[PDB]
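A.B. asks: Take this structure, written in C-alpha cells, and hold onto it; I'll ask about it next.
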6 protein chains.
Amino acid sequence: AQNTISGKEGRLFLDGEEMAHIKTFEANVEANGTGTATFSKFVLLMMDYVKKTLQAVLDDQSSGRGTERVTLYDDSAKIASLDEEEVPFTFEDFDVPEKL
Amino acid sequence: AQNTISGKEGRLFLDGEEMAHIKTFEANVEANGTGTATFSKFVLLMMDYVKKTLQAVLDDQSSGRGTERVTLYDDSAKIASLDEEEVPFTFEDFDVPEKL
Amino acid sequence: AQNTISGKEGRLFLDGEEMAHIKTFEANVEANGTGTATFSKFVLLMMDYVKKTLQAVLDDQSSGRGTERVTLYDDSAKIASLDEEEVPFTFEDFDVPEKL
Amino acid sequence: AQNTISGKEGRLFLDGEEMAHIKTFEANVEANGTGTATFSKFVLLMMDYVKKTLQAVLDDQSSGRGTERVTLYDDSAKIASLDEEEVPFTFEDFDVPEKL
Amino acid sequence: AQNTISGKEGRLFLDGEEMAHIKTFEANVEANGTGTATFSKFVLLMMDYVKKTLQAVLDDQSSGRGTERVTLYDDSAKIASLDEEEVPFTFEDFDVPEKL
Amino acid sequence: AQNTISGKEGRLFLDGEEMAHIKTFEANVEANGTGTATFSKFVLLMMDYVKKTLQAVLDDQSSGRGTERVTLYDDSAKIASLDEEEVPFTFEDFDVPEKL
C-alpha cells in the first residue's frame, strides 16, 4: 500500500557497467521486494542484465530530511526484453546510503 | 465526510528526533481519529516510529483565519514499512496550537 | 439541478464572531435549502457554530450584473466535526444584498 | 447531435431590462428548440423572467465567417429557481443577426 | 481505425461561396468515406449546403513531408441543422493537392 | 508489457524515398514484433509502402545513455489506407545503431 518507495532519474549498473538511464521507478518493500520502472544501447543492455544494481535519486516529497540516493541491490523477462515501457523487476534489498 | 482535516508539508518527531519530512497528509477526526499521509533515512526512520507526533502546516483554504500549525498527537504497519506511498496511521488527538 | 448557487471565498459569523474563512461553497435553493462547502482555530470554531451566517462573494460567471455578496442566513454534524473537507449544511435563507 | 449551437458570454433581456449576465450557454435547434446554460440580483431577476430574450456572442470555432451575435427568442422552473448551475430552458427561435 | 485523416481550420465552399469556417474536422477513408467535423450566418449557410467542398489544412503530425491542404470532395441532416457541434458528413473523395 | 519501445518524430523510407514524417510511434518486441504509430502526399505515400524502414529518434526517458536513432526494419492495411490515426504495423526487426 503506502509501504512503497520510488525515485526519480536513476542508473543501473551491471557489475560496473552503466547500462540504462532508467527514469521513474517505483518499488515495494515486501528489504527484498517487487517493483516496476520505466527506462540507448547501453540502457537496453543494462536492462538485459538486471533481467538476469539500480542506483537512483529518491523522490520522497515528504522530505523528512532532504534528498538522498537510493540503491536497489539485485529467464522470462530476458525474453520479453527481445522487443509497454513499465517493466517489472525484483530487487533483493534496498538502501538510502548517502544524501546529495 | 467533510469532517476531514489535512495539511501541507509537515514533520513528525519521535520523542524529539525529526524523522521524516512528510508531505501532504489528510486525517479524519472520528479528537482521536484515522488518516493517511505520504512521505531520507531520517524520514523513513521517523515513520517506523510513528508506526509504533506529526507537526505540519494546516491547509484549510477556507482561511477562516489565516494559516496555523496542526499537530497530530500520537505491529503490522511496522512490517509493511520494511520495503504505495499513501501510508495509513491513527493519531489519538489533533490540535491547531499556533498561527504562523 | 441548475437551480444552484455558489460563491468564492467567504466567511461565516456566529452572532458577530468570524469563525472560519470558508473557501468554495455551493448551495441549492430548494429560500430555505441544502448545500455544501469546504473550509484555523477560529474557522473551525465558526464551523461548530454553523453546525448548531455565511457571508461570501458570489461566483456567478454569467455576470448578469457584476459581482455581489451572498449571505446564507442560518447535533450529528457537531459530532462529525470532532475530527472529507466538503461539509454539508442547511441554510434557511439566502440573499444577494450588495454589489462590490 | 452536432445540430448544436452555443455561445460565449451573453445577456438575457426581459422586455428591455437586462437581468443576468449569463455565461456559457448551449442550445439545440430541434428554429424552436431546447438547451441549457449557466449564469447578481439582476441576473437572477432576468432568470426568473426567462423562466416564465437571450442575446449572446456566438462561439463557433469553425469561424465560417467571423464572430456574430446570437439571440434566442423566447411554472416548474420558476420554482426550482427559488434557491446545479446548468439551467435548462426552451427558446422558441434562434438568430444570428449581426457580426461584431 | 488508424486509416483516419483530419485537418485543422478549414472552409467549405458551396459551388463557389464560402459558407462556414469549419474548425477541427476528422474523416475516414473507407476515397469515398464518412467523417465528422465541428463548425456565422455564412458558415451555417455553407453547412446547409454540404448537408445537401471542404478545403482545410492537413494536421498530420507525423509530418512525412510538411503541411498541405486537404480537400474533401462532395435530407435528414438538412433538418437536424434547423437548430451537439460534432456534425456528421460523408465526402465522396478526398485529396491533398498542394503543400503550403 | 514493459518490453515496449517507442520513439519521437520519425521518418519511414521506401527503398530510399522518404514517404511520411511519422510522429509518435510505439512498438513491441515480441526482434520481430508488432506495434502502432501515428502519422502530406509523400507521408501518405510512404505509408502505403510500409503497408506492403521506419527511422526515428528514440524516446527512452530513462536515458540509460542519451538519445539514439531507432530503425524498424521491415493487403488489408493497404486497403484500410484508402481513406483513426493510430495505424498498426509489424516490423520484422528493430535497431538502435547510432547516438545523436
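Every chain in the C-alpha cells has a letter given in the order shown (A, B, ...), and although residue numbers restart at 1 in each chain, ligands are simply numbered from 1 in the order shown.
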Any idea what's packed within 6 Å of residue 33 of chain E, counting only C-alpha atoms, ignoring anything in its chain fewer than 2 positions away? Could you give it as a compact mmCIF listing (two decimals) with C-alpha atoms, in the first residue's frame?
C.D. replies:
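Okay, this is what ended up in selection05.txt:
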```txt
# COMPACT_ATOMS: atom_id res chain seq x y z
CA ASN E 28 -12.27 8.24 -42.51
CA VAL E 29 -11.43 6.85 -45.95
CA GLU E 30 -13.50 3.70 -46.13
CA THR E 90 -19.98 11.93 -45.97
CA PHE E 91 -17.48 13.09 -48.54
```
A.B. asks: To one decimal place in Å, what is the distance between atom CA of residue 6 of chain B and atom CA of residue 23 of chain B?
C.D. replies: 10.6 Å
A.B. asks: Using only C-alpha atoms, which protein or nucleic acid residues come within 7 Å of residue 85 of chain D? Drop anything in the same chain fewer than 6 positions from it, and give the result as a list in words.
C.D. replies: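 Counting only the stated atoms, we get residues 1, 2, 3, 4 and 5 of chain C; 38 and 39 of chain D.
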A.B. asks: Would you list the contacts of residue 62 of chain F as a PDB file with N, CA, C and O atoms, in the first residue's frame, taking every protein, DNA or RNA residue within 8 Å and counting only C-alpha atoms, but skipping same-chain residues closer than 5 positions in sequence?
C.D. replies:
```pdb
ATOM      1  N   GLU A   9      14.951   9.909 -11.791  1.00  0.00           N
ATOM      2  CA  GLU A   9      16.100   9.565 -12.618  1.00  0.00           C
ATOM      3  C   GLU A   9      17.176   8.732 -11.959  1.00  0.00           C
ATOM      4  O   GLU A   9      17.827   9.181 -11.026  1.00  0.00           O
ATOM      5  N   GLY A  10      17.363   7.515 -12.463  1.00  0.00           N
ATOM      6  CA  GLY A  10      18.364   6.625 -11.909  1.00  0.00           C
ATOM      7  C   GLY A  10      19.167   5.885 -12.956  1.00  0.00           C
ATOM      8  O   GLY A  10      18.881   5.978 -14.141  1.00  0.00           O
ATOM      9  N   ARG A  11      20.186   5.163 -12.514  1.00  0.00           N
ATOM     10  CA  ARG A  11      21.028   4.392 -13.415  1.00  0.00           C
ATOM     11  C   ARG A  11      21.318   3.028 -12.799  1.00  0.00           C
ATOM     12  O   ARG A  11      21.601   2.946 -11.607  1.00  0.00           O
ATOM     13  N   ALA A  20      21.717   1.661 -18.639  1.00  0.00           N
ATOM     14  CA  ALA A  20      20.398   2.213 -18.927  1.00  0.00           C
ATOM     15  C   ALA A  20      20.047   3.342 -17.986  1.00  0.00           C
ATOM     16  O   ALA A  20      19.991   3.160 -16.775  1.00  0.00           O
ATOM     17  N   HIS A  21      19.822   4.520 -18.539  1.00  0.00           N
ATOM     18  CA  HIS A  21      19.452   5.651 -17.720  1.00  0.00           C
ATOM     19  C   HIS A  21      17.977   5.514 -17.465  1.00  0.00           C
ATOM     20  O   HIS A  21      17.154   6.113 -18.157  1.00  0.00           O
ATOM     21  N   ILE A  22      17.651   4.706 -16.472  1.00  0.00           N
ATOM     22  CA  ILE A  22      16.272   4.466 -16.116  1.00  0.00           C
ATOM     23  C   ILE A  22      15.628   5.647 -15.390  1.00  0.00           C
ATOM     24  O   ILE A  22      16.124   6.130 -14.372  1.00  0.00           O
ATOM     25  N   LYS A  23      14.519   6.109 -15.949  1.00  0.00           N
ATOM     26  CA  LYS A  23      13.780   7.229 -15.393  1.00  0.00           C
ATOM     27  C   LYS A  23      12.972   6.766 -14.201  1.00  0.00           C
ATOM     28  O   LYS A  23      13.431   5.937 -13.437  1.00  0.00           O
ATOM     29  N   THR A  24      11.768   7.303 -14.052  1.00  0.00           N
ATOM     30  CA  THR A  24      10.891   6.946 -12.951  1.00  0.00           C
ATOM     31  C   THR A  24      10.827   5.466 -12.645  1.00  0.00           C
ATOM     32  O   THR A  24      10.596   4.644 -13.529  1.00  0.00           O
ATOM     33  N   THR A  38      10.401   2.401 -15.482  1.00  0.00           N
ATOM     34  CA  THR A  38      10.410   2.634 -16.914  1.00  0.00           C
ATOM     35  C   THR A  38      11.752   3.185 -17.353  1.00  0.00           C
ATOM     36  O   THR A  38      12.310   4.065 -16.705  1.00  0.00           O
ATOM     37  N   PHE A  39      12.279   2.661 -18.450  1.00  0.00           N
ATOM     38  CA  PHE A  39      13.559   3.133 -18.937  1.00  0.00           C
ATOM     39  C   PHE A  39      13.404   4.392 -19.784  1.00  0.00           C
ATOM     40  O   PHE A  39      12.342   4.646 -20.355  1.00  0.00           O
ATOM     41  N   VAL A  43      21.605   1.429 -22.081  1.00  0.00           N
ATOM     42  CA  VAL A  43      20.471   1.264 -21.197  1.00  0.00           C
ATOM     43  C   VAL A  43      19.867  -0.100 -21.439  1.00  0.00           C
ATOM     44  O   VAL A  43      19.864  -0.955 -20.553  1.00  0.00           O
TER      45      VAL A  43
END
```
A.B. asks: Write down as a VMD selection string the residues of chain B whose backbone DSSP state falls under strand (DSSP E or B).
C.D. replies: chain B and resid 4 to 14 17 to 18 25 to 29 33 to 38 54 to 58 69 to 73 86 to 89 93 to 95
